[PDB]
Amino acid sequence: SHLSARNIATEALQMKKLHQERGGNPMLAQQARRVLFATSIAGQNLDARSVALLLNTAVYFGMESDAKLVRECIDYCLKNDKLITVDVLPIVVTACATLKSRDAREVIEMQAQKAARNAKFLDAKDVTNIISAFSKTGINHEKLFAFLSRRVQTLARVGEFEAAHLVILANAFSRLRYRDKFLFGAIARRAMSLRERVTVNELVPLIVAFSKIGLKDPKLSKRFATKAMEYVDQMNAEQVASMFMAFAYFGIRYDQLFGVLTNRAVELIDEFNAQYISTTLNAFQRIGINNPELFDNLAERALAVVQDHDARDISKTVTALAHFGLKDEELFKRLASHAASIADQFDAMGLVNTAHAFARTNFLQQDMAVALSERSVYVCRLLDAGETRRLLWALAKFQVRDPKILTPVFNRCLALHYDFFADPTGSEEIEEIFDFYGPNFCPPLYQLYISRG
Amino acid sequence: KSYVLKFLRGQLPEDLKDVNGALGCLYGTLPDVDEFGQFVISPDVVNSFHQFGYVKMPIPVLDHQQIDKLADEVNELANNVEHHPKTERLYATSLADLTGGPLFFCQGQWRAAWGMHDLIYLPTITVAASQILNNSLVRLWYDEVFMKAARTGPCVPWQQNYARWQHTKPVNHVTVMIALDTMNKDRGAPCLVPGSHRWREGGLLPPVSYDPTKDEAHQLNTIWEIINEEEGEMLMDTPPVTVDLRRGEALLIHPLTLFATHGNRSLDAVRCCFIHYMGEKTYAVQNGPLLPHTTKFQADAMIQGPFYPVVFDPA
Amino acid sequence: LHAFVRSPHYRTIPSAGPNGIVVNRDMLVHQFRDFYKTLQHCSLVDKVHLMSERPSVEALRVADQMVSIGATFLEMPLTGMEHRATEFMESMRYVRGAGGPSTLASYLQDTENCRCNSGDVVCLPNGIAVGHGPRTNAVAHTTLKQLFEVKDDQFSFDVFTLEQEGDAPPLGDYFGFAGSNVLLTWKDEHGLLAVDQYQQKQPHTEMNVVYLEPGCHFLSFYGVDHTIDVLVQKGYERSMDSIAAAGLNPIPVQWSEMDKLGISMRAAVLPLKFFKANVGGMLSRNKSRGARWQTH
Amino acid sequence: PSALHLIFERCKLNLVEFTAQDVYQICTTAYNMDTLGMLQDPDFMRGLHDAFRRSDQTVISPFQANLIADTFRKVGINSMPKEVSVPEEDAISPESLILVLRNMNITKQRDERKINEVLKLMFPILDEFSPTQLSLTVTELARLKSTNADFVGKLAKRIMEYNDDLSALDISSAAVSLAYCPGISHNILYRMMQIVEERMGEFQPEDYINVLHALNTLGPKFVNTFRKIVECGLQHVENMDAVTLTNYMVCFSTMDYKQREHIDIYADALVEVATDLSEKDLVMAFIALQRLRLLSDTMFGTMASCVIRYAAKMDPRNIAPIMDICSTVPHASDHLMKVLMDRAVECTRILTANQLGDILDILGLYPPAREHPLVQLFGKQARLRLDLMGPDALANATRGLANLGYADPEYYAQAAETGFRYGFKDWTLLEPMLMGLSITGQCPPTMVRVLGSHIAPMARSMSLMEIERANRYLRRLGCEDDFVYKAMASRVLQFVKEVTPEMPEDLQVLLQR
RNA sequence: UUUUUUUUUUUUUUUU
RNA sequence: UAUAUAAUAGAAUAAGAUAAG
């Protein structure tokens, strides 16, 4: 299909929308990738809108910073800085979020300065899009965030935002770790002033964001709990697990809401997937509520479906089961045998959590232990002293005694010896570690350990 | 599975090996399982390869635009002021010391580049490679690219491919060379012995000592030093032949054929791609991984996994 | 057509009005919210721009900065508003950000002793009317005559001087135009005097005149674009019936707290017309007007 | 051709030392004669491009480099000329920064940092400019869409100072370039227009075109200059080009020229030679004639006949204006309308959200479009495009699809969800959605609740007839919220304070509830 | 529902 | 008696969960 570059960017944006919020059809992604592979804007002149759309659609579909189209778009964004108005700013920022080159950093910083300068002349759409775009880049421009929060408060004092805008705003301001109680109070007031215009689908994400941001005020949680209790009947498994997680994050011991939520969850036990079960178990671990019938139902369902268990799901499930105490025999075997197959997907801390959960329950399988131990050499660099201690104790309980695996863990322990030997807890854990490995395996850590510091 | 954020639902995995098949880039897509019959090589080509140990395919395997795309990707791989993303995904690169040199070589590129990933699954070369290995399964082992300097590109001395592939048990391999540029005796065309693939009943000549501080003459003349008298008698009748390749021309090479590459004395860089295909029932020799940061095999375990994907399966 | 309003600073709202009448801050912000909603719902303003709060109560009077005469955005002199220079620059920044004019015409800032006040300028069919009085001396009138008065055929743009007493509000408060040839005034001495003067100045044109309750602030978006809505204060219901009988659409608006603070509905908004700068002899897209396919 | 083959081979292998001028000569002979298979051979062109990329392009003009790049792009090789750096301290001359700007403009690769750098090295040496150099740099800065107005104002003042040393073309180009600059002052514009009208008796048609473009850009604040040029050009009206007559029409529409005596003369002169207009000029003439209220019985027929020969291959952005002109005018345009609908059916794939919405809106009340096959295709395309529609384009598309009788509850439900995501601000942005839903007459109760919660605040600014329509829509949809009907009855009470049976049944029913 | 905003800041004593 | 010139523009449009200090 031969088309102009603008006529290609339009269909590219449409394809991105259809693949994003209308089911992830692989054929659409493949067609878009093939179309964008041969697309170039070297000669033709385009608006900033078309170039921004092309860059965003290319970056969304997996194109890294080494491609020709991405390089041309970034060059255009670097040269013609004054043509990237507020309308086409969030698109460029969102596109550059994933890219971590030098040009991407420069473009992001320039757009941040532009947004912080013009933060008082925007509208609801522009402010919402700008804050949502700057949420994804991980930038830490606190002055810009303060300016945008002030503009949000002034613009919402006159009832401008609505349900979708409030959800996006809360998610963006919670992901950036901006604990402004006044801003979230204004967002909550605008939500409650939207009577019956905040549906369940627009109510659950708001509660999740308000839980994640970590607000000190406990009076706000009560209204969310009551409104959720009113809306329980109209929910699938996704939102049930979502509010389990959210009200675990709040940390307030509610009774009627938890009972009705458990009733609805056991009602929909035939629709739960691996991620929902893991989220529910993790939420119950965080809140401390012990519900053994629900745990039995979730364990049975997790036994029913095991292929869907991702590394995060496996880690959360085993950690919750080990902490609670309840544990199955064949479910653990299936989970360990599956994690052996996908041991190359565990993260820096998920691997430690899974290994320590399996070690703490006295469940040792050779295949899983070998896979996790061999994998525990590309992740020792990204480990805190507590996580390193947990992984070392798991290895000691696993009886690995392999220098190629042990020496990076001991290098990490030595490089973090102060936070390793001064942990308020874990003294008995380190004692057992050193009892297993003996004094001659690693001299310097022994010398430090017989000095208590 | 887990939950993927909305703006990350189209991203490709960090390791491109995680993609089960081939992306839609370059050629459209792999044909149906019963539509692979139009890429069969002629029996005369098979006989010529079995007699000489090498053969060039009758037609170029890539259209010109695909060649420009591949050349651009090779150029971006050798970037120095801004290092390529997914650089740590390669088995080895010439920029590990961040300095570089006249010759740029990159191995394991198919895990860190579009297009290059699709080049592995090309039916035109995979079907021919399968036909070479007695019409059997083919598994990609690894690929590399060479890019020579503008005017001081060095010449690779005489070499046998299997001299380094000692971990694979049987002699079941094939090499496909794709010329992204136009090559010549003064620009980097490959010069190889017309019959060295059947010397010593399949044995390997000892490694050749070369001085990297002199001209091409001694580099190309070490062949006499490394051979014996009888091999000299065979060589005298049929001298080594330099094959000139145009854009998209593919050259099938036996793993035991002695070949070298002339240096670059043109006015710009020259790029070439090597892809090494095994066959089925190819086994390991020793414990441990064959390539850096790969799956660890047993003593005589058959070679398989995600690092060595199956690219063509008859029947 | 873009309307610019400024959000009221909650903390610095005065406890009592200029005369001594007490006001409610919460009721004030509620009425401002309702005013913003009913200004958005006007169905004629393309976009309503909200300005950030300023630590002053008189900064709510955003209409004391500019007068739109013909196709020129004339700037009022800085004579008694020396504390509102930065406010005016910020408002001009807001106007620039919305695609409006880069700057204003300084035809009045350079004329000596030219003391003029907005609101005294009221639009009318092919002309304006200015109010001679305490806040607008004769030098402003003669400068306006020089700049805008045209007495040619098929190009006449005539400006009228309407003398008013020394205890009258700005002419735009109690005198205005609306709809297709509709006039609105208060039923007091000022309204009758202004109506009679304009009748003398334009005798051969017959006009519909509507009388309203004194002290009833109204707002009609009169201009080239035909409109029917007329914002009117909620408290008075006789004026609503009078406006409805004339064939216009009245919209009640709660405006008690501003009345206690002395700010009118006319002085709280700054209507402006922005036309796209066509390049290369092209014409932009207008708005859908009229009924399509009258004869099918 | 052994020698030719050897030359081609040596060029392919990159063994020939090529200069930029030699590559330019080869490109010229390949693009002009092409007796040999130069352009058809890919390898030779790739080698030539490799030689050109590594060459030194400072020894060629920007036009030559642009021609080389165009020749390379004509065959498939993505080529782009090198960017020239800012001259060093010794080479800072008025004739070199202008060269930098000219190359930046010609090669179509503009860097704003370079523009700022060459605008800060021009101010100290601005006293060394020739009178023509100022008129050149003004147009070069205008064509780069620079936002620096102070520099252009200083340049314009200097150009005014050297008035007697400049030709008519330079003055006209300076005037139009000044008019294109957004932030320039108005006193300078008035002085420039006075200068133009003083030296206005020497104008060629190109200068007329430039002056008309400047006036159209400036707007109705400069009526006197347009009146002067209209009075002067009345002698040349019969012997005049068509494009400048179209520009006269556009300026007449823009300025709202009340002197309707010369408008008839110019319009008749335009309609006499309207046969020699392209797509854009004909469309602009149509719009200008409609906005001046000039479409008569006969000239509309001639202009429509002229459009017929162009309607087959019209751009997607030139279909809605002609449809609007046909809709407003009461004359006969069935054949042109059918051709335009066929072209829109052809172009439905590439139509954007706004153009599709406008096309649907114009054909909302058109009787022949009811049975035309565009309804289903446009409905499906609008459902696909619903993610990209704006607050107003969505309303236009929904209104057009509801008026055409297109029935698909899924599309209207998705439009309702999209509108709830956007939010509503006018009754005209919410009514099409309501009638679209009422076409099927079914929606989930949550949709009804949200629609009523949107409607209720808006009921205080609706006329009685619009209240009747809203009540009809709400009764059809099946709402039961009491506050909505309370607000509607409260608004109705003001217009009709009497509960007498005089008002129709629906009104009594509404006030009862 | 009433808490807050508008500088050219340049003065940290290590041998890393 | 010389090997060579290259400039016309149009579009207003909002998706939404990272095991934190």
# chains A, B, ... in the order shown; residues from 1 in each chain; ligands from 1
>>> residues_around(residues="residue 434 in chain A", least_positions_apart="6", cutoff="10 Å", atoms="only C-alpha atoms (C1' of nucleotides)", output="PDB file with N, CA, C and O atoms, in the first residue's frame")
ATOM      1  N   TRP A 393      21.075 -17.617  51.992  1.00  0.00           N
ATOM      2  CA  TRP A 393      20.520 -18.635  52.879  1.00  0.00           C
ATOM      3  C   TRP A 393      19.762 -19.699  52.095  1.00  0.00           C
ATOM      4  O   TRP A 393      19.820 -20.886  52.437  1.00  0.00           O
ATOM      5  N   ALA A 396      22.386 -21.918  50.678  1.00  0.00           N
ATOM      6  CA  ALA A 396      22.953 -22.759  51.728  1.00  0.00           C
ATOM      7  C   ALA A 396      22.021 -23.913  52.072  1.00  0.00           C
ATOM      8  O   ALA A 396      22.470 -25.048  52.265  1.00  0.00           O
ATOM      9  N   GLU A 428      20.194 -15.111  63.263  1.00  0.00           N
ATOM     10  CA  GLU A 428      20.178 -16.568  63.234  1.00  0.00           C
ATOM     11  C   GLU A 428      20.317 -17.095  61.812  1.00  0.00           C
ATOM     12  O   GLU A 428      20.926 -18.150  61.600  1.00  0.00           O
ATOM     13  N   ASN A 440      36.359 -21.510  56.491  1.00  0.00           N
ATOM     14  CA  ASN A 440      37.392 -21.515  55.463  1.00  0.00           C
ATOM     15  C   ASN A 440      36.860 -21.228  54.065  1.00  0.00           C
ATOM     16  O   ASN A 440      37.664 -20.981  53.158  1.00  0.00           O
ATOM     17  N   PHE A 441      35.542 -21.256  53.861  1.00  0.00           N
ATOM     18  CA  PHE A 441      35.006 -21.001  52.528  1.00  0.00           C
ATOM     19  C   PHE A 441      35.202 -19.545  52.123  1.00  0.00           C
ATOM     20  O   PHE A 441      35.541 -19.255  50.969  1.00  0.00           O
ATOM     21  N   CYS A 442      34.995 -18.616  53.055  1.00  0.00           N
ATOM     22  CA  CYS A 442      35.200 -17.190  52.804  1.00  0.00           C
ATOM     23  C   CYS A 442      35.820 -16.565  54.049  1.00  0.00           C
ATOM     24  O   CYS A 442      35.117 -16.309  55.039  1.00  0.00           O
ATOM     25  N   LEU A 445      34.595 -12.522  55.354  1.00  0.00           N
ATOM     26  CA  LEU A 445      33.287 -12.438  55.992  1.00  0.00           C
ATOM     27  C   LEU A 445      33.287 -13.118  57.353  1.00  0.00           C
ATOM     28  O   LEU A 445      32.585 -12.670  58.265  1.00  0.00           O
ATOM     29  N   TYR A 446      34.060 -14.195  57.511  1.00  0.00           N
ATOM     30  CA  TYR A 446      34.204 -14.798  58.831  1.00  0.00           C
ATOM     31  C   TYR A 446      34.892 -13.846  59.799  1.00  0.00           C
ATOM     32  O   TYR A 446      34.454 -13.693  60.945  1.00  0.00           O
ATOM     33  N   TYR A 449      32.506 -11.353  60.826  1.00  0.00           N
ATOM     34  CA  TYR A 449      31.396 -11.895  61.606  1.00  0.00           C
ATOM     35  C   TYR A 449      31.796 -12.178  63.049  1.00  0.00           C
ATOM     36  O   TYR A 449      30.952 -12.105  63.948  1.00  0.00           O
TER      37      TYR A 449
END
>>> interface_residues(of="chain C", to="chain A", cutoff="12 Å", atoms="only C-alpha atoms", output="PyMOL selection string")
chain C and resi 4-10+26+28-38+40+47-54+90-99
>>> atom_distance(atom1="CA of residue 133 in chain B", atom2="CA of residue 281 in chain B")
11.0 Å
>>> residues_around(residues="range 222-239 of chain B", least_positions_apart="3", cutoff="8 Å", atoms="only C-alpha atoms (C1' of nucleotides)", output="count of residues only")
13
>>> residues_around(residues="residue 149 in chain C", least_positions_apart="4", cutoff="7 Å", atoms="only C-alpha atoms (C1' of nucleotides)", output="list in words")
residues 145, 157, 158 and 159 of chain C
>>> write_last_selection(atoms="N, CA, C and O atoms", output="JSON list (two decimals), in the first residue's frame")
[["chain", "number", "residue", "atom", "x", "y", "z"],
["C", 145, "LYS", "N", -12.97, 59.68, 17.75],
["C", 145, "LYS", "CA", -13.48, 60.27, 16.51],
["C", 145, "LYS", "C", -12.42, 60.27, 15.42],
["C", 145, "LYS", "O", -12.70, 59.95, 14.26],
["C", 157, "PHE", "N", -18.75, 54.26, 9.53],
["C", 157, "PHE", "CA", -18.61, 53.69, 10.87],
["C", 157, "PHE", "C", -18.67, 54.88, 11.81],
["C", 157, "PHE", "O", -17.65, 55.52, 12.09],
["C", 158, "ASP", "N", -19.87, 55.19, 12.30],
["C", 158, "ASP", "CA", -20.11, 56.39, 13.09],
["C", 158, "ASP", "C", -20.11, 56.06, 14.58],
["C", 158, "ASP", "O", -20.65, 55.03, 15.00],
["C", 159, "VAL", "N", -19.50, 56.94, 15.36],
["C", 159, "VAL", "CA", -19.43, 56.80, 16.81],
["C", 159, "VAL", "C", -20.24, 57.94, 17.43],
["C", 159, "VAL", "O", -20.17, 59.08, 16.96]]
>>> decode(residues="range 104-132 of chain D", atoms="N, CA, C and O atoms", output="PDB file, in the first residue's frame")
ATOM      1  N   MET D 104      19.442  26.284   3.722  1.00  0.00           N
ATOM      2  CA  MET D 104      18.508  25.679   4.662  1.00  0.00           C
ATOM      3  C   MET D 104      17.097  25.648   4.093  1.00  0.00           C
ATOM      4  O   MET D 104      16.352  24.683   4.300  1.00  0.00           O
ATOM      5  N   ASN D 105      16.710  26.702   3.375  1.00  0.00           N
ATOM      6  CA  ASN D 105      15.377  26.757   2.786  1.00  0.00           C
ATOM      7  C   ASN D 105      15.248  25.831   1.579  1.00  0.00           C
ATOM      8  O   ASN D 105      14.226  25.154   1.421  1.00  0.00           O
ATOM      9  N   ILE D 106      16.267  25.791   0.719  1.00  0.00           N
ATOM     10  CA  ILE D 106      16.169  25.025  -0.522  1.00  0.00           C
ATOM     11  C   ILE D 106      16.168  23.529  -0.235  1.00  0.00           C
ATOM     12  O   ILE D 106      15.342  22.779  -0.770  1.00  0.00           O
ATOM     13  N   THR D 107      17.086  23.071   0.615  1.00  0.00           N
ATOM     14  CA  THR D 107      17.222  21.647   0.889  1.00  0.00           C
ATOM     15  C   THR D 107      16.130  21.105   1.802  1.00  0.00           C
ATOM     16  O   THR D 107      16.080  19.889   2.016  1.00  0.00           O
ATOM     17  N   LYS D 108      15.270  21.970   2.339  1.00  0.00           N
ATOM     18  CA  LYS D 108      14.129  21.560   3.159  1.00  0.00           C
ATOM     19  C   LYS D 108      14.584  20.769   4.386  1.00  0.00           C
ATOM     20  O   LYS D 108      14.072  19.690   4.688  1.00  0.00           O
ATOM     21  N   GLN D 109      15.565  21.324   5.098  1.00  0.00           N
ATOM     22  CA  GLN D 109      16.038  20.755   6.362  1.00  0.00           C
ATOM     23  C   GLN D 109      16.458  21.933   7.243  1.00  0.00           C
ATOM     24  O   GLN D 109      17.592  22.408   7.167  1.00  0.00           O
ATOM     25  N   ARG D 110      15.532  22.388   8.082  1.00  0.00           N
ATOM     26  CA  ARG D 110      15.722  23.604   8.861  1.00  0.00           C
ATOM     27  C   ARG D 110      16.072  23.262  10.300  1.00  0.00           C
ATOM     28  O   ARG D 110      15.404  22.436  10.929  1.00  0.00           O
ATOM     29  N   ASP D 111      17.125  23.891  10.811  1.00  0.00           N
ATOM     30  CA  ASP D 111      17.525  23.775  12.207  1.00  0.00           C
ATOM     31  C   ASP D 111      17.331  25.136  12.861  1.00  0.00           C
ATOM     32  O   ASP D 111      17.873  26.138  12.385  1.00  0.00           O
ATOM     33  N   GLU D 112      16.564  25.167  13.952  1.00  0.00           N
ATOM     34  CA  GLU D 112      16.255  26.440  14.596  1.00  0.00           C
ATOM     35  C   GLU D 112      17.449  26.991  15.362  1.00  0.00           C
ATOM     36  O   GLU D 112      17.588  28.214  15.491  1.00  0.00           O
ATOM     37  N   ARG D 113      18.311  26.116  15.883  1.00  0.00           N
ATOM     38  CA  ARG D 113      19.521  26.586  16.549  1.00  0.00           C
ATOM     39  C   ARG D 113      20.437  27.304  15.568  1.00  0.00           C
ATOM     40  O   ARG D 113      21.013  28.350  15.892  1.00  0.00           O
ATOM     41  N   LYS D 114      20.574  26.762  14.355  1.00  0.00           N
ATOM     42  CA  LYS D 114      21.347  27.444  13.323  1.00  0.00           C
ATOM     43  C   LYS D 114      20.711  28.775  12.950  1.00  0.00           C
ATOM     44  O   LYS D 114      21.415  29.762  12.709  1.00  0.00           O
ATOM     45  N   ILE D 115      19.377  28.818  12.885  1.00  0.00           N
ATOM     46  CA  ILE D 115      18.687  30.067  12.575  1.00  0.00           C
ATOM     47  C   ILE D 115      18.985  31.116  13.637  1.00  0.00           C
ATOM     48  O   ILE D 115      19.284  32.273  13.320  1.00  0.00           O
ATOM     49  N   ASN D 116      18.923  30.729  14.912  1.00  0.00           N
ATOM     50  CA  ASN D 116      19.242  31.668  15.982  1.00  0.00           C
ATOM     51  C   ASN D 116      20.697  32.116  15.908  1.00  0.00           C
ATOM     52  O   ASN D 116      21.002  33.299  16.106  1.00  0.00           O
ATOM     53  N   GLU D 117      21.609  31.184  15.622  1.00  0.00           N
ATOM     54  CA  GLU D 117      23.024  31.530  15.547  1.00  0.00           C
ATOM     55  C   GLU D 117      23.294  32.525  14.426  1.00  0.00           C
ATOM     56  O   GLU D 117      24.050  33.486  14.609  1.00  0.00           O
ATOM     57  N   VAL D 118      22.682  32.319  13.258  1.00  0.00           N
ATOM     58  CA  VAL D 118      22.892  33.247  12.150  1.00  0.00           C
ATOM     59  C   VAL D 118      22.071  34.520  12.304  1.00  0.00           C
ATOM     60  O   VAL D 118      22.338  35.505  11.608  1.00  0.00           O
ATOM     61  N   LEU D 119      21.077  34.530  13.194  1.00  0.00           N
ATOM     62  CA  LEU D 119      20.373  35.765  13.508  1.00  0.00           C
ATOM     63  C   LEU D 119      21.081  36.581  14.578  1.00  0.00           C
ATOM     64  O   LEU D 119      20.812  37.780  14.703  1.00  0.00           O
ATOM     65  N   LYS D 120      21.974  35.962  15.347  1.00  0.00           N
ATOM     66  CA  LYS D 120      22.779  36.692  16.316  1.00  0.00           C
ATOM     67  C   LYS D 120      24.127  37.133  15.760  1.00  0.00           C
ATOM     68  O   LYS D 120      24.785  37.978  16.374  1.00  0.00           O
ATOM     69  N   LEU D 121      24.555  36.583  14.625  1.00  0.00           N
ATOM     70  CA  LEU D 121      25.735  37.064  13.920  1.00  0.00           C
ATOM     71  C   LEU D 121      25.395  38.062  12.823  1.00  0.00           C
ATOM     72  O   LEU D 121      26.303  38.554  12.147  1.00  0.00           O
ATOM     73  N   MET D 122      24.115  38.368  12.628  1.00  0.00           N
ATOM     74  CA  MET D 122      23.683  39.333  11.627  1.00  0.00           C
ATOM     75  C   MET D 122      23.460  40.724  12.196  1.00  0.00           C
ATOM     76  O   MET D 122      23.612  41.709  11.468  1.00  0.00           O
ATOM     77  N   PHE D 123      23.099  40.823  13.473  1.00  0.00           N
ATOM     78  CA  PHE D 123      22.790  42.126  14.060  1.00  0.00           C
ATOM     79  C   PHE D 123      23.984  43.072  14.084  1.00  0.00           C
ATOM     80  O   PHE D 123      23.831  44.227  13.652  1.00  0.00           O
ATOM     81  N   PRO D 124      25.172  42.685  14.570  1.00  0.00           N
ATOM     82  CA  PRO D 124      26.297  43.638  14.550  1.00  0.00           C
ATOM     83  C   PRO D 124      26.698  44.078  13.153  1.00  0.00           C
ATOM     84  O   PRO D 124      27.122  45.227  12.974  1.00  0.00           O
ATOM     85  N   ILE D 125      26.578  43.205  12.159  1.00  0.00           N
ATOM     86  CA  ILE D 125      26.996  43.512  10.798  1.00  0.00           C
ATOM     87  C   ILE D 125      25.804  43.879   9.912  1.00  0.00           C
ATOM     88  O   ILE D 125      25.921  43.882   8.687  1.00  0.00           O
ATOM     89  N   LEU D 126      24.659  44.200  10.515  1.00  0.00           N
ATOM     90  CA  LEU D 126      23.465  44.537   9.749  1.00  0.00           C
ATOM     91  C   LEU D 126      23.608  45.841   8.976  1.00  0.00           C
ATOM     92  O   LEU D 126      22.797  46.104   8.082  1.00  0.00           O
ATOM     93  N   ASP D 127      24.623  46.649   9.275  1.00  0.00           N
ATOM     94  CA  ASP D 127      24.838  47.907   8.573  1.00  0.00           C
ATOM     95  C   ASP D 127      25.553  47.731   7.240  1.00  0.00           C
ATOM     96  O   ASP D 127      25.700  48.710   6.501  1.00  0.00           O
ATOM     97  N   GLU D 128      25.994  46.517   6.913  1.00  0.00           N
ATOM     98  CA  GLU D 128      26.722  46.247   5.682  1.00  0.00           C
ATOM     99  C   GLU D 128      25.848  45.617   4.606  1.00  0.00           C
ATOM    100  O   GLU D 128      26.373  45.162   3.586  1.00  0.00           O
ATOM    101  N   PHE D 129      24.535  45.578   4.807  1.00  0.00           N
ATOM    102  CA  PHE D 129      23.644  44.916   3.866  1.00  0.00           C
ATOM    103  C   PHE D 129      23.304  45.827   2.694  1.00  0.00           C
ATOM    104  O   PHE D 129      23.037  47.019   2.868  1.00  0.00           O
ATOM    105  N   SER D 130      23.320  45.253   1.495  1.00  0.00           N
ATOM    106  CA  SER D 130      22.822  45.942   0.320  1.00  0.00           C
ATOM    107  C   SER D 130      21.301  46.059   0.398  1.00  0.00           C
ATOM    108  O   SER D 130      20.648  45.294   1.110  1.00  0.00           O
ATOM    109  N   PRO D 131      20.713  47.026  -0.315  1.00  0.00           N
ATOM    110  CA  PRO D 131      19.246  47.159  -0.275  1.00  0.00           C
ATOM    111  C   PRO D 131      18.513  45.900  -0.705  1.00  0.00           C
ATOM    112  O   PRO D 131      17.464  45.576  -0.135  1.00  0.00           O
ATOM    113  N   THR D 132      19.037  45.174  -1.693  1.00  0.00           N
ATOM    114  CA  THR D 132      18.395  43.941  -2.132  1.00  0.00           C
ATOM    115  C   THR D 132      18.641  42.792  -1.162  1.00  0.00           C
ATOM    116  O   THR D 132      17.814  41.878  -1.065  1.00  0.00           O
TER     117      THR D 132
END
